[PDB]
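As they're listed, the protein sequences go chains A, B, C and D. Residues in the first sequence are numbered consecutively from 229, following full-length UniProt numbering. Residues in the second sequence are numbered consecutively from 252, following full-length UniProt numbering. Residues in the third sequence are numbered consecutively from 1, following full-length UniProt numbering. Residues in the fourth sequence are numbered consecutively from 1, following full-length UniProt numbering. The beta-carbon is built from N, C-alpha and C at its ideal position, and this holds for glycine as well.
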Amino acid sequence: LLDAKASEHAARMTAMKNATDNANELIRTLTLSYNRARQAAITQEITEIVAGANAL
Amino acid sequence: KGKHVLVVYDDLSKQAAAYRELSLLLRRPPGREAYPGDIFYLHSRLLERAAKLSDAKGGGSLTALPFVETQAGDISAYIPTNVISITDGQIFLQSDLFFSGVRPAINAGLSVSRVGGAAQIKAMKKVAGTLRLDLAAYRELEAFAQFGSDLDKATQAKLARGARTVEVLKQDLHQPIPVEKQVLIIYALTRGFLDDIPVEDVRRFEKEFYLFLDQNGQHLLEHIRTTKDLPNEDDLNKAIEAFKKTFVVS
Amino acid sequence: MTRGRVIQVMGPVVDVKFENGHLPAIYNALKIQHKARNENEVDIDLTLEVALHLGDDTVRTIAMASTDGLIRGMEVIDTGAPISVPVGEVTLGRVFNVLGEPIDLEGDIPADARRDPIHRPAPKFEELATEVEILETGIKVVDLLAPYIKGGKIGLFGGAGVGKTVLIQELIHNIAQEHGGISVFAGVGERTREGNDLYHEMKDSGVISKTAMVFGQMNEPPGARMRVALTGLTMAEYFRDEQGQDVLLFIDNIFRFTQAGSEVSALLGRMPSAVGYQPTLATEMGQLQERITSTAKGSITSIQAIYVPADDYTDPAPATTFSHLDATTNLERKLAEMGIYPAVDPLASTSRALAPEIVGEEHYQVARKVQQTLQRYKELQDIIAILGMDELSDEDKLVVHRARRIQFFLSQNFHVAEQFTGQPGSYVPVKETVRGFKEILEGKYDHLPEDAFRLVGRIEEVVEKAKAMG
Amino acid sequence: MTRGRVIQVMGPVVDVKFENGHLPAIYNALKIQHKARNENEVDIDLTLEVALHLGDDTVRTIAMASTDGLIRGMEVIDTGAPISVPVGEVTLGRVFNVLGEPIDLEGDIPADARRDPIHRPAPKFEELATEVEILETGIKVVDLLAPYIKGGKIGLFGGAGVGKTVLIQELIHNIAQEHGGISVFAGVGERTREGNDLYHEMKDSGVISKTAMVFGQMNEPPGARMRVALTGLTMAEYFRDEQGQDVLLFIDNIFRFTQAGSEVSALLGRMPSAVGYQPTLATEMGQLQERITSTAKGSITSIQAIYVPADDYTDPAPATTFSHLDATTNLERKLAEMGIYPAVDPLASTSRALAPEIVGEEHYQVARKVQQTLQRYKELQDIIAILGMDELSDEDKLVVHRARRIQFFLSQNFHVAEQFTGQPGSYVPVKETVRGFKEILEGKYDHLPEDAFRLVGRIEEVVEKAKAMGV
Ligand SMILES: Nc1ncnc2c1ncn2[C@@H]1O[C@H](COP(=O)(O)OP(=O)(O)O)[C@@H](O)[C@H]1O
Ligand SMILES: [Mg+2]
């Protein structure tokens, strides 16, 4: 029983570490898309403002 | 003239696009997403003309069901937000719910009716008052119960009840059913009489219940359709028990 | 002589040409009253507000109604003053439009009644009050966790189902009963059926006898949607200035006020702002809000329901609006379902008046302890969830036991809704609220059932209700 | 007779001034034919199409060829009618340009043949037909989850380099060989190499004896790309109406039509739309799409390829086209990279013919179950990525196990892909597809490795591949 408890704790620790690594990778892959979308939004907004100004 | 009218607009997004094109061709200054300003005024003027006239005006009524089509399930877009800010509610449909076997894929969490309660009969109100709480609890628990392994007794009971309710709420295309039979079926669901029925057997249970009511218990349907209220609880309970006894559980 | 001609009609914007040396001033009102000359023309009775001086003796105006049927060359008369609305006791119990014309079925206002201009500069620095004062509302939740500053602006958040109309009616009733002041409602650009329902509810409850209402619902043009709030503000300003009493001003939705100006800006001919709004958004909002201030005599305090589209708090209109608020009240559908009326959220609501040097050290300590206990209970509900099924220390049980009592005691019975439930309702002073919550925290009543704390009012009402229950 | 004069030249847009009271109507064709007066001029043979009336006897036109060499003051002739295209039995087996001049070097069209105007109104409401019937294609995923319709509109959406051309070629190879009617191919804005290869393919296969082609490829100026689709459509309409035949219409990248429209729109003097497109994007596309309909006299079934710019499915040009189609297949780069061919989305693709009373109760049930299990697998993706398979419940393991095999079995080997891989290809009947997917759903093949389902075809080929691998 004692050996089983020790093994359970070690396995949970390893699983949590792997989960943290996967979460960090997902975070960076999402930040790339966030930057792309931010650039696209800024471009669209400035284009709309300039077009509205030129319309007059 | 004192009559009741129902109006359905197939797509207000097409109207918005056409109005934007016309305004741009007339060389009016564009605004957000090239949509001209007063794009909200257009839809407000259109939709605000539907009303329930008072008794002095003849008592007529016009109800409208505008449609708005979204891109990739984005409900926070310009036209969807403008239309949502005008109407008295919204019925939201989702692709994930559509393909998960749930038709007509009503999203209960994101749907709301600002006239609810007053727009229901007494029986339907007193039967379906708790259904929103039931679905809220089911969704909240199911959001994590597939891995949480909490397995508390109350959580298990709530999950089973919510799954049975979700199975009940499904429907087939071009298959309308009377309001009295709806009242009876949600009554049976909420009272817990079908809590032992398997989920896969729930739909066949509902079909057999409608067939059984078509033969016996017809006076309950007549009473509901004549008085807009539930019949005596004991008679309805014993009829439900009789149908449950004669039902073959698979 | 002093007449003009229509030269351009482009939706809500109409251009009028006057003779040299007779131009109308900005914000003046112009009337078009044309009779059908034949069967190819229609009758028109339209009002225009002067906006710009375009030069060459021409003036650009915005219409207060529909411009369908206008013909280039119609005659325009100048009223010589901005739009004027009647003020006084005659406005109480009536319903008006943006032009000050009654829209109910009762008689018209006599032509000799006093009328005041809509546009007015805000009171200057030397006239305002030199200290913060607290408006006693009589509602326990508001008076404890989010005091209403007298003369300040309060933001109200909440959708359908919650008791927003009930809260409004109760506030009007309590203020008129205790502080002796009237209330004013301004329906700026919202649902007509909702406005009608509110009117009928007020008429049934009897609160209508001490209020005036102006409706500019979303079926009206932006010209009226811009000015309805200002008409209501002038109606309240009369009572603030002459009668010298504290009054209430309710605005149905302050976002539509900016939206209408944004709609008309493009046709007026101004360059677009950041998100398509008008470049004058901040100054327009300031000129509207800064007239709602407390002075030496009387004051105006405003409850403004605010709608944030798509919950985007970075939008320029909510961003500008939030810079004027002093308090905040959030209505919770969860509390409404649990039955804890007024369903005011005890944690989401905030107020800058909750300071030790304003409400008092005892009040501040009681409020802070209540907030801490409620936060702990909210955390412990999650801890009860996700495993840990009622396996917690003794202090967790104690704080949950206290928190349920506090949450149920936050509920209160109202003077309104006594026609639905035979309970007469109560008005609970802030000292009594503080004392009762202090006693509950101290455990003086920790042995009582939690059901006895619901809809009681004062602290004793709990003990008599429990004794009656047995 | 009345003549005009060139006023302005700005790229593919030309201004022409006419005598008072003799302005040409909109959509008319104008001809410029100039002979070099001296050594500092070039010969010109160009045609124009009227677009706008600018006032003061001025007309703004669109050129169908390069405008290099035009000089302010050249003489313009008005033909008095829109672009006229030869049509009839002559067009079969020939290749034309946008103007209707053969480019196959196989002779010249007689000068007295019937020619139809390129612009005409759409068919009326009461002239339409609404019969629904399944068009069998031999592709497993198309036949299962999104059946095609005879006489309907079919769209194939996709990004750059995903397989739209391959799917078009496979559909041609599967349908056009045995259709027995008349086929029309319009390659608007596509590769001249692809056009030449496809022409040689029909010449080899003998199908060319019953088809007509108009290319107007991507190297052309926007004027030709804006009208080659109508040039093909008028021949298709003639064959539908006069002879009452059944017509196959293939269009490659109908998005190029709207792209050329947007390119021209800026110079015509219109306010830009949301993302730079023309304001008239909806109506211009509607006037073209609504003419491709099946009527009482005849039926036209059209398969159109649609390009998605930058893989953005919310772009206005792809977004507006969705309302005109009956069955749509959505190709995905994510599926393409994994190795699934065709890389069609099993959930995004939809068809109006997928009903219990049309395809059959068993077919409908199998399709619904497959979509449900695929949706569940898609939902589990985030948890799989974060925690892994270890945290799934017992039945979720089974859901993933079935879903991976279903997704792999949805792939197929194509006849047209033999020259690049050596796989002979397959043609799977819909009954075999339904039976195989039902067997997979029932758990009959849960023991086989998932790689055995990759590119086989029939369900027995899965067993053969697994046994060859050593199972
Ligand atoms: N069934 C298939 N088997 C193998 N490769 C394929 C298949 N379908 C498409 N491809 C790949 O797609 C590419 C051709 O894409 P193509 O259709 O020209 O892109 P687009 O849709 O932009 O025209 C080829 O390189 C080929 O490798
Ligand atoms: Mg291609």
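Query, Result
"Option in C:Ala81, C:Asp57 and C:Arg368 with minimal Cα separation from C:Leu23", "C:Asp57"
"Closer than 8 Å at the beta carbon, the chain A residues around B:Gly399", "Neighbours of B:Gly399 on chain A: none; closest Cβ ~15 Å, over 8 Å."
"Given C:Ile182 as reference, the closest of C:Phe239, C:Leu335 and C:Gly69 once Cα atoms are compared", "C:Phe239"
"Counted within 10 angstroms of its Cβ, other Cβ atoms place D:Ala224 as buried (16 or more) or exposed", "buried"
"Chain-order list of residues whose beta-carbon lies under 7 Å from that of D:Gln375 (same chain, five-residue window excluded)", "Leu347"
"D:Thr258 and D:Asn219 closer than 8 Å at C-beta", "no"
"Test item: CB-CB of C:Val166 and C:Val416 under 8 Å", "yes"
"CA-to-CA distance, C:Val400 to C:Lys369, given in whole angstroms", "14 Å"
"Chain C contact for B:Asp289 (CB, 8 Å cutoff)", "yes"
"Proximal chain B residues relative to C:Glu337, where beta-carbon distance stays under 8 Å", "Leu384"
"Check whether D:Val184 and D:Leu248 have beta carbons under 8 Å apart", "yes"
"Supposed close pair B:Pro331, A:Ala279 - CB separation, criterion 8 Å", "That pair is no contact at about 23 Å."
"Option nearest residue 510 of chain B by Cα separation, candidates B:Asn358, B:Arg354, B:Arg383 and B:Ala356", "It is not possible to answer for residue 510 of chain B, since the shown part of chain B is limited to 252 through 501."
"Beta carbon proximity, B:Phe350 to chain D, threshold 8 Å", "yes"
"Proximity of C:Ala212 and C:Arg94 at Cβ, strictly below 8 Å", "yes"
"Outcome for D:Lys164 when other beta-carbon atoms lying within 10 angstroms are tallied against a minimum of 16", "buried"
"Alpha carbon of B:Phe350 to alpha carbon of C:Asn330, nearest angstrom", "37 Å"
"Residue burial classification, B:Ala493 (beta-carbon count within 10 angstroms, cutoff 16)", "exposed"
"Endpoints, the beta strand (DSSP E) within which C:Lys153 is located", "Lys153 to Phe157"
"Chain D contacts made by the segment 240-257 of chain A, where a contact means CB separation under 8 Å", "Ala243, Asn246, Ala247, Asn250, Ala251 and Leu254"
"beta-carbon D:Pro12 near ligand 1 non-hydrogen atom, thresh 7 Å", "no"
"Extent of the continuous alpha helix (DSSP H) run through D:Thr258", "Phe255 to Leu268"
"Alpha carbon of D:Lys334 to alpha carbon of B:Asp423, nearest angstrom", "34 Å"
"Residues bridged to C:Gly216 [DSSP beta-bridge criterion]", "C:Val188"
"D:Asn253 CB to nearest heavy atom of ligand 2 below 7 Å", "yes"
"Bounding residues of the alpha helix (DSSP H) (the contiguous stretch that carries D:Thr329)", "Run containing D:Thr329: none in the alpha helix (DSSP H); it sits in the beta strand (DSSP E), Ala327 to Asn330."
"Residue burial classification, D:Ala186 (beta-carbon count within 10 angstroms, cutoff 16)", "buried"
"Same chain only: Cβ atoms within 6 Å of D:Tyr277, ignoring 5 sequence neighbours per side", "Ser262 and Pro316"
"Validate contact between the segment 290-305 of chain C and the segment 124-137 of chain C using beta carbons, cut 8 Å, 3 pairs", "yes"
"Heavy atom of ligand 1 within 7 Å of D:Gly107 beta-carbon", "no"
"Near ligand 1: D:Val166 beta-carbon under 7 Å from a heavy atom", "yes"
"C:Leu354 vs C:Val141 beta-carbon contact at 8 Å", "no"
"Terminal residues of the alpha helix (DSSP H) in which B:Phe463 lies", "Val450 to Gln466"
"Residue burial classification, B:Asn483 (beta-carbon count within 10 angstroms, cutoff 16)", "exposed"
"DSSP state of C:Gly195 mapped onto helix, strand, coil", "helix"
"CB contact flag (C:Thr67, C:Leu30, <8 Å)", "no"
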